[PDB]
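Report on the following structure.
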Amino acid sequence: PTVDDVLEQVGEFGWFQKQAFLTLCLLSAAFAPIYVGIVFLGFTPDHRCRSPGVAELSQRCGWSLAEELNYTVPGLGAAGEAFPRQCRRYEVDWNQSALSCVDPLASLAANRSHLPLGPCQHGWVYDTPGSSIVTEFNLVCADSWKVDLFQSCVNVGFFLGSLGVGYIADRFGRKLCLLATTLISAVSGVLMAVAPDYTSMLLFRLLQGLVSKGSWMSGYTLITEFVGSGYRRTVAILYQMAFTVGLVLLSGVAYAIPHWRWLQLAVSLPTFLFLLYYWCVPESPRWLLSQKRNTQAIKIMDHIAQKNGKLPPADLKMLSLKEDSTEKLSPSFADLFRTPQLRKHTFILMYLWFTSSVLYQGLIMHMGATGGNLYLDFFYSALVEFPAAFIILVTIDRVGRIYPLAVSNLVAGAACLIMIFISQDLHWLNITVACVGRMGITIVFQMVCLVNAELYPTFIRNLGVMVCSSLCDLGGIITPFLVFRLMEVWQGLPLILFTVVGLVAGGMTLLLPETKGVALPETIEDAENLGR
Ligand SMILES: *[C@@H]1O[C@H](CO)[C@@H](O[C@@H]2O[C@H](CO)[C@@H](O)[C@H](O)[C@H]2NC(C)=O)[C@H](O)[C@H]1NC(C)=O
């Protein structure tokens, strides 16, 4: 009367599993707005110094937007690529000075650079009709650094929340967390849209970042536990693919409404509405069984059978773990680093996450020039993931999990190396090769997440994935400084670093025990001899 066998008898993937997965997938998209980052909310458009006098002249004679930029603004390319033009204002009187459209400012100085440069007051004038966080508080020229501070604060919030949310998640149940985390994320999201100052915006975004990844991972583990042992691949990969669909939909709606306030206020509400379906999914049976709450576990199991409609097995009356466990099974950080096998697994998974994140950021950084339409570029970058799902979805159970993960982790680094060595000049090849690397990295991410979820004990499964995921955000934070510094020493030093990181990670993956078609562990001692 073990949990897995009774689950087989009552249907591994029945109509109950489909409904629960539909709801959790509806939750999946809610993580796209918080994960997409500052983009679509802090895009910096073209900007020049507003002048009062230009407004008068603009109507007097025929004008064009391109023409106004050229001979009304200070020229670019002096003492910097575009530092003068962006936020420097000549401050020559354009009002009550009728010098004709042909020669508005030429006559006075007989030269441009020598002209007198004043302060860039009167705020700024922006190109795009929409408004972003940059346009709101004028964080353009003097305070430009503030945007980087905002991004770094969000990332450090991710990093802290990764560690923090795990313990509150596993000790107090997987549905007490998913409910509270998504509720806090929703309330922070709407509260943000009414932020009048810059401090409140940062604080609310920090809270949302703290809670979002916890919500997403507690949603992931729940379905992974619910589904049968054999059908884990479909549930996990379709969860990731739902996340990708949510990303595409976010790009679409972002192009729909440019304004940041309305964008946030609209995209956040569906996460709040998801709360309306909290009553659909109950607590995971395995967690309850491991906590010694057997009556609730059997009650939940009977409900699954009733909705699925096959039959209730009479053996449930004696449902319990394989071996008579101890009264208390509290999750703690100390228990994570006791068994040598579990310690080795944790170290290997941490390194895997770190290398995956570093290689991803290196690839995106080393990409080609950005396209004219940011939205179209983001749409393509999201769409490049769909074939990854249909590649992985058919290979896991047929070939196992270690080999594809290792081979993709190797091929991503190989593609980075070939891009470094082979000509990087504008050609049709390079874009497609980069797409190959993108698909490799996406496969690595999804496979690492799945294997890490499957490898840990059930009673601390969430904590393990949280800890091993923190290094992902750590690497994402640190990589830009590393690549900037290394470039100074040698032109190609960062590329060698990325390639060696990828190769070493791919080599080290092989030692991780395989999990093809084996019931996920429920006891740390049992997980220790998983390979045996
Ligand atoms: C761009 O600005 C420059 C300003 O230098 C314009 O080109 C010349 O500007 C000098 C300075 O006033 C004039 O003496 C020349 O007569 C300008 N060129 C010509 C062909 O007359 C230029 O016209 C501006 N851009 C456009 C599209 O006209």
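Here, A, B, ... name the chains of the structure tokens in the order displayed, residue numbers run from 1 inside each chain, and ligands are numbered from 1 in the same displayed order.
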Subject >> Residue neighbourhood stretch 110-122 of chain A, 7 Å, only C-alpha atoms, exclusion window fewer than 3 positions, as a ChimeraX atom specification >> reply: /A:49-51,87-91,106-107
Please produce, as a tab-separated table, a per-residue contact table for chain A versus ligand 1 (criterion: any atom at most 12 Å away, only C-alpha atoms and all ligand atoms considered), showing the nearest atom pair and its distance in Å to one decimal, sorted by chain then residue number.
```
residue	atom	partner	partner_atom_place_in_ligand_line	distance
A:63	CA	ligand 1	27 (C)	11.1
A:64	CA	ligand 1	27 (C)	9.7
A:65	CA	ligand 1	27 (C)	10.7
A:66	CA	ligand 1	27 (C)	7.7
A:67	CA	ligand 1	27 (C)	5.9
A:68	CA	ligand 1	25 (N)	8.8
A:69	CA	ligand 1	1 (C)	8.4
A:70	CA	ligand 1	1 (C)	4.7
A:71	CA	ligand 1	2 (O)	4.5
A:72	CA	ligand 1	2 (O)	8.3
A:73	CA	ligand 1	2 (O)	9.3
A:74	CA	ligand 1	2 (O)	9.8
A:75	CA	ligand 1	2 (O)	8.5
A:76	CA	ligand 1	2 (O)	11.3
A:101	CA	ligand 1	12 (O)	10.8
A:102	CA	ligand 1	12 (O)	8.1
A:103	CA	ligand 1	12 (O)	6.5
A:104	CA	ligand 1	12 (O)	8.4
A:105	CA	ligand 1	12 (O)	7.5
A:106	CA	ligand 1	12 (O)	4.7
A:107	CA	ligand 1	12 (O)	7.8
A:108	CA	ligand 1	12 (O)	10.4
A:109	CA	ligand 1	12 (O)	10.2
A:110	CA	ligand 1	11 (C)	7.8
A:111	CA	ligand 1	11 (C)	7.8
A:112	CA	ligand 1	5 (O)	8.1
A:113	CA	ligand 1	5 (O)	11.1
```
Subject >> Proximity to residue A:374 - best of A:275, A:29, A:254, A:478, only C-alpha atoms >> reply: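 Looking at the shortest contact to residue A:374, the residue is A:254.
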Kindly provide the residues of stretch 168-263 of chain A that approach stretch 462-467 of chain A to within 9 Å, each paired with its closest atom pair and their distance in Å to one decimal, based on only C-alpha atoms, listed by chain and increasing number, as a tab-separated table.
```
residue	atom	partner	partner_atom	distance
A:169	CA	A:462	CA	7.3
A:170	CA	A:462	CA	6.2
A:174	CA	A:462	CA	8.8
A:213	CA	A:466	CA	8.9
A:214	CA	A:466	CA	7.9
A:217	CA	A:462	CA	7.4
A:218	CA	A:462	CA	7.0
A:221	CA	A:462	CA	7.0
```
**OP:** Write out as a ChimeraX atom specification the residues lying within 9 Å of residue A:393, counting only C-alpha atoms and excluding same-chain residues fewer than 4 positions away.
**Re:** /A:233-234,237-238,388-389,397
Deliver the residues from the most recent selection as a file, using N, CA, C and O atoms, as a PDB file, in the first residue's frame.
```pdb
ATOM      1  N   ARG A 233       7.833  13.515 -17.310  1.00  0.00           N
ATOM      2  CA  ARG A 233       8.391  14.277 -18.423  1.00  0.00           C
ATOM      3  C   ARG A 233       7.344  15.197 -19.034  1.00  0.00           C
ATOM      4  O   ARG A 233       7.596  16.390 -19.240  1.00  0.00           O
ATOM      5  N   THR A 234       6.160  14.665 -19.330  1.00  0.00           N
ATOM      6  CA  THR A 234       5.152  15.474 -19.998  1.00  0.00           C
ATOM      7  C   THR A 234       4.740  16.647 -19.123  1.00  0.00           C
ATOM      8  O   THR A 234       4.675  17.788 -19.589  1.00  0.00           O
ATOM      9  N   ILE A 237       7.749  19.286 -18.850  1.00  0.00           N
ATOM     10  CA  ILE A 237       8.074  19.974 -20.091  1.00  0.00           C
ATOM     11  C   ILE A 237       6.908  20.842 -20.544  1.00  0.00           C
ATOM     12  O   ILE A 237       7.110  21.940 -21.070  1.00  0.00           O
ATOM     13  N   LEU A 238       5.671  20.379 -20.350  1.00  0.00           N
ATOM     14  CA  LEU A 238       4.529  21.206 -20.707  1.00  0.00           C
ATOM     15  C   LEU A 238       4.393  22.400 -19.775  1.00  0.00           C
ATOM     16  O   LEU A 238       3.918  23.454 -20.198  1.00  0.00           O
ATOM     17  N   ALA A 388      12.743  23.254 -28.773  1.00  0.00           N
ATOM     18  CA  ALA A 388      13.438  22.563 -27.694  1.00  0.00           C
ATOM     19  C   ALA A 388      12.500  21.619 -26.955  1.00  0.00           C
ATOM     20  O   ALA A 388      12.873  20.485 -26.636  1.00  0.00           O
ATOM     21  N   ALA A 389      11.277  22.068 -26.677  1.00  0.00           N
ATOM     22  CA  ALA A 389      10.323  21.211 -25.985  1.00  0.00           C
ATOM     23  C   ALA A 389      10.024  19.960 -26.802  1.00  0.00           C
ATOM     24  O   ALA A 389      10.048  18.842 -26.278  1.00  0.00           O
ATOM     25  N   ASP A 397      12.435   9.637 -21.884  1.00  0.00           N
ATOM     26  CA  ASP A 397      12.127   8.277 -21.458  1.00  0.00           C
ATOM     27  C   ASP A 397      12.731   7.242 -22.394  1.00  0.00           C
ATOM     28  O   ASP A 397      12.974   6.102 -21.982  1.00  0.00           O
TER      29      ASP A 397
END
```
Identify, with DSSP run on backbone atoms, the residues in stretch 76-271 of chain A assigned to alpha helix (DSSP H), and express the list as a JSON list (two decimals) with C-alpha atoms, in the first residue's frame.
```
[["chain", "number", "residue", "atom", "x", "y", "z"],
["A", 83, "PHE", "CA", 27.37, 62.16, -25.01],
["A", 84, "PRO", "CA", 26.91, 65.77, -26.25],
["A", 85, "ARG", "CA", 23.84, 65.22, -28.42],
["A", 86, "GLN", "CA", 21.95, 63.13, -25.86],
["A", 87, "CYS", "CA", 21.78, 65.52, -22.91],
["A", 106, "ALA", "CA", 24.54, 78.84, -38.42],
["A", 107, "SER", "CA", 25.22, 82.58, -38.59],
["A", 108, "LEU", "CA", 25.87, 83.30, -34.91],
["A", 109, "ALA", "CA", 28.95, 81.14, -34.34],
["A", 133, "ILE", "CA", 9.96, 54.14, -15.90],
["A", 134, "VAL", "CA", 12.87, 56.05, -17.42],
["A", 135, "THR", "CA", 10.52, 58.65, -18.90],
["A", 136, "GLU", "CA", 8.62, 58.90, -15.61],
["A", 137, "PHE", "CA", 11.37, 60.09, -13.25],
["A", 145, "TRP", "CA", 23.21, 54.80, -12.98],
["A", 146, "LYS", "CA", 19.92, 54.47, -11.09],
["A", 147, "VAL", "CA", 18.50, 52.03, -13.66],
["A", 148, "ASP", "CA", 21.42, 49.66, -13.10],
["A", 149, "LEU", "CA", 20.79, 50.02, -9.37],
["A", 150, "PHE", "CA", 17.15, 49.04, -9.94],
["A", 151, "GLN", "CA", 18.14, 45.95, -11.91],
["A", 152, "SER", "CA", 20.74, 44.95, -9.31],
["A", 153, "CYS", "CA", 18.22, 45.41, -6.49],
["A", 154, "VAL", "CA", 15.72, 43.17, -8.28],
["A", 155, "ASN", "CA", 18.40, 40.53, -8.85],
["A", 156, "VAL", "CA", 19.62, 40.57, -5.24],
["A", 157, "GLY", "CA", 15.98, 40.28, -4.22],
["A", 158, "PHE", "CA", 15.74, 37.16, -6.37],
["A", 159, "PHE", "CA", 18.91, 35.83, -4.75],
["A", 160, "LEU", "CA", 17.72, 36.35, -1.17],
["A", 161, "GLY", "CA", 14.20, 35.11, -1.88],
["A", 162, "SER", "CA", 15.55, 31.90, -3.38],
["A", 163, "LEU", "CA", 17.04, 30.90, -0.02],
["A", 164, "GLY", "CA", 14.30, 32.46, 2.09],
["A", 165, "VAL", "CA", 11.15, 31.04, 0.53],
["A", 166, "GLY", "CA", 12.27, 27.40, 0.55],
["A", 167, "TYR", "CA", 12.09, 26.86, 4.30],
["A", 168, "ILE", "CA", 8.73, 28.61, 4.71],
["A", 169, "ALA", "CA", 7.55, 26.52, 1.75],
["A", 170, "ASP", "CA", 8.48, 22.98, 2.78],
["A", 171, "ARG", "CA", 7.99, 23.19, 6.56],
["A", 174, "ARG", "CA", 3.23, 23.35, -0.47],
["A", 175, "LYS", "CA", -0.22, 24.98, -0.66],
["A", 176, "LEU", "CA", 0.18, 27.35, 2.28],
["A", 177, "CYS", "CA", 3.18, 28.79, 0.41],
["A", 178, "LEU", "CA", 1.85, 28.86, -3.15],
["A", 179, "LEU", "CA", -1.25, 30.69, -1.90],
["A", 180, "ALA", "CA", 0.60, 33.25, 0.24],
["A", 181, "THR", "CA", 3.40, 33.81, -2.28],
["A", 182, "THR", "CA", 1.08, 34.46, -5.21],
["A", 183, "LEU", "CA", -1.17, 36.66, -3.06],
["A", 184, "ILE", "CA", 1.80, 38.79, -1.98],
["A", 185, "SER", "CA", 3.06, 39.00, -5.55],
["A", 186, "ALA", "CA", -0.36, 40.14, -6.77],
["A", 187, "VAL", "CA", -0.85, 42.74, -4.04],
["A", 188, "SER", "CA", 2.64, 44.15, -4.61],
["A", 189, "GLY", "CA", 2.07, 44.27, -8.36],
["A", 190, "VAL", "CA", -1.08, 46.39, -8.21],
["A", 191, "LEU", "CA", 0.32, 48.48, -5.36],
["A", 192, "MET", "CA", 3.31, 49.29, -7.58],
["A", 198, "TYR", "CA", 11.07, 56.30, -6.97],
["A", 199, "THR", "CA", 11.65, 54.63, -3.59],
["A", 200, "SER", "CA", 8.20, 53.02, -3.46],
["A", 201, "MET", "CA", 8.61, 51.63, -6.97],
["A", 202, "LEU", "CA", 11.91, 49.98, -6.06],
["A", 203, "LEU", "CA", 10.58, 48.60, -2.77],
["A", 204, "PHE", "CA", 7.47, 47.06, -4.32],
["A", 205, "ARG", "CA", 9.44, 45.54, -7.19],
["A", 206, "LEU", "CA", 11.87, 44.12, -4.63],
["A", 207, "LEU", "CA", 9.01, 42.43, -2.78],
["A", 208, "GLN", "CA", 7.56, 41.02, -5.99],
["A", 209, "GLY", "CA", 10.94, 39.64, -7.01],
["A", 210, "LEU", "CA", 11.43, 38.14, -3.56],
["A", 211, "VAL", "CA", 8.20, 36.17, -3.83],
["A", 212, "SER", "CA", 7.81, 35.33, -7.52],
["A", 213, "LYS", "CA", 10.39, 32.58, -8.00],
["A", 214, "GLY", "CA", 9.25, 30.90, -4.80],
["A", 215, "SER", "CA", 5.71, 30.88, -6.15],
["A", 216, "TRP", "CA", 6.80, 29.37, -9.46],
["A", 217, "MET", "CA", 8.93, 26.61, -7.94],
["A", 218, "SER", "CA", 6.30, 25.67, -5.36],
["A", 219, "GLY", "CA", 3.88, 25.37, -8.26],
["A", 220, "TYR", "CA", 6.32, 23.17, -10.17],
["A", 221, "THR", "CA", 7.02, 20.71, -7.36],
["A", 222, "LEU", "CA", 3.30, 20.25, -6.68],
["A", 223, "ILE", "CA", 2.43, 18.87, -10.11],
["A", 224, "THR", "CA", 5.68, 16.91, -10.23],
["A", 225, "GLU", "CA", 4.60, 15.12, -7.05],
["A", 226, "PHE", "CA", 0.98, 14.71, -8.16],
["A", 232, "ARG", "CA", 6.80, 13.29, -15.11],
["A", 233, "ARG", "CA", 8.39, 14.28, -18.42],
["A", 234, "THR", "CA", 5.15, 15.47, -20.00],
["A", 235, "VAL", "CA", 4.03, 17.47, -16.96],
["A", 236, "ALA", "CA", 7.38, 19.20, -16.44],
["A", 237, "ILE", "CA", 8.07, 19.97, -20.09],
["A", 238, "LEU", "CA", 4.53, 21.21, -20.71],
["A", 239, "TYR", "CA", 4.87, 23.43, -17.64],
["A", 240, "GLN", "CA", 7.99, 24.97, -19.15],
["A", 241, "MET", "CA", 6.24, 25.32, -22.52],
["A", 242, "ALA", "CA", 3.32, 27.07, -20.81],
["A", 243, "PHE", "CA", 5.87, 29.47, -19.36],
["A", 244, "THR", "CA", 7.17, 30.12, -22.88],
["A", 245, "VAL", "CA", 3.64, 30.73, -24.19],
["A", 246, "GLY", "CA", 3.14, 33.16, -21.33],
["A", 247, "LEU", "CA", 6.30, 34.97, -22.39],
["A", 248, "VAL", "CA", 5.06, 35.30, -25.98],
["A", 249, "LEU", "CA", 1.69, 36.57, -24.76],
["A", 250, "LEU", "CA", 3.48, 39.09, -22.54],
["A", 251, "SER", "CA", 5.40, 40.38, -25.55],
["A", 252, "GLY", "CA", 2.17, 40.73, -27.50],
["A", 253, "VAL", "CA", 0.33, 42.60, -24.77],
["A", 254, "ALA", "CA", 3.41, 44.77, -24.19],
["A", 255, "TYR", "CA", 3.23, 45.91, -27.79],
["A", 256, "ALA", "CA", -0.52, 46.34, -27.29],
["A", 260, "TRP", "CA", 4.12, 51.14, -18.09],
["A", 261, "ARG", "CA", 1.48, 51.93, -15.46],
["A", 262, "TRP", "CA", -1.36, 50.41, -17.48],
["A", 263, "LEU", "CA", 0.87, 47.56, -18.63],
["A", 264, "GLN", "CA", 1.68, 46.53, -15.06],
["A", 265, "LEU", "CA", -1.85, 47.10, -13.78],
["A", 266, "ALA", "CA", -3.27, 44.89, -16.53],
["A", 267, "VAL", "CA", -0.72, 42.08, -16.59],
["A", 268, "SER", "CA", -0.77, 41.74, -12.79],
["A", 269, "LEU", "CA", -4.53, 41.21, -12.40],
["A", 270, "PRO", "CA", -4.65, 37.70, -13.96],
["A", 271, "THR", "CA", -2.25, 36.51, -11.26]]
```
**OP:** Using only C-alpha atoms, determine which residues lie at most 10 Å from residue A:508, disregarding the query and same-chain residues fewer than 2 positions distant; provide the list as a PyMOL selection string.
**Re:** chain A and resi 348-349+351-352+406+502-506+510-512
Report the closest atom pair, with its distance in Å rounded to one decimal, for each residue of stretch 170-255 of chain A that has an atom no farther than 9 Å from stretch 517-527 of chain A; count only C-alpha atoms, sort by chain and then rising residue number, and write it as CSV.
```
residue,atom,partner,partner_atom,distance
A:225,CA,A:520,CA,8.7
A:228,CA,A:519,CA,8.9
A:229,CA,A:519,CA,5.7
A:230,CA,A:517,CA,6.0
```
Mind dumping the selected residues with N, CA, C and O atoms as a short mmCIF file (atom, residue, chain, number, x, y, z; two decimals), in the first residue's frame?
```
data_model
loop_
_atom_site.label_atom_id
_atom_site.label_comp_id
_atom_site.auth_asym_id
_atom_site.auth_seq_id
_atom_site.Cartn_x
_atom_site.Cartn_y
_atom_site.Cartn_z
N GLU A 225 5.00 16.14 -8.01
CA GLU A 225 4.60 15.12 -7.05
C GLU A 225 3.28 14.46 -7.44
O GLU A 225 3.14 13.24 -7.33
N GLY A 228 2.00 10.68 -11.95
CA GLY A 228 2.60 9.38 -11.76
C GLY A 228 4.09 9.39 -12.06
O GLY A 228 4.64 10.35 -12.60
N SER A 229 4.75 8.30 -11.68
CA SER A 229 6.20 8.24 -11.83
C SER A 229 6.61 8.30 -13.30
O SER A 229 7.61 8.94 -13.64
N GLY A 230 5.86 7.64 -14.18
CA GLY A 230 6.25 7.57 -15.58
C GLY A 230 5.95 8.83 -16.36
O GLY A 230 6.65 9.12 -17.34
#
```
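Across A:328, A:345, A:461, A:259, the tightest approach to residue A:286 is made by A:461 when counting only C-alpha atoms.
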Original post:
Mind checking DSSP for stretch 14-227 of chain A and telling me the strand (DSSP E or B) residues as a ChimeraX atom specification?
Top reply: /A:47-49,89,118,124-126
Subject >> One-decimal distance in Å that lies between atom CA of residue A:312 and atom CA of residue A:21 >> reply: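 Taking atom CA of residue A:21 and atom CA of residue A:312, their separation equals 22.1 Å.
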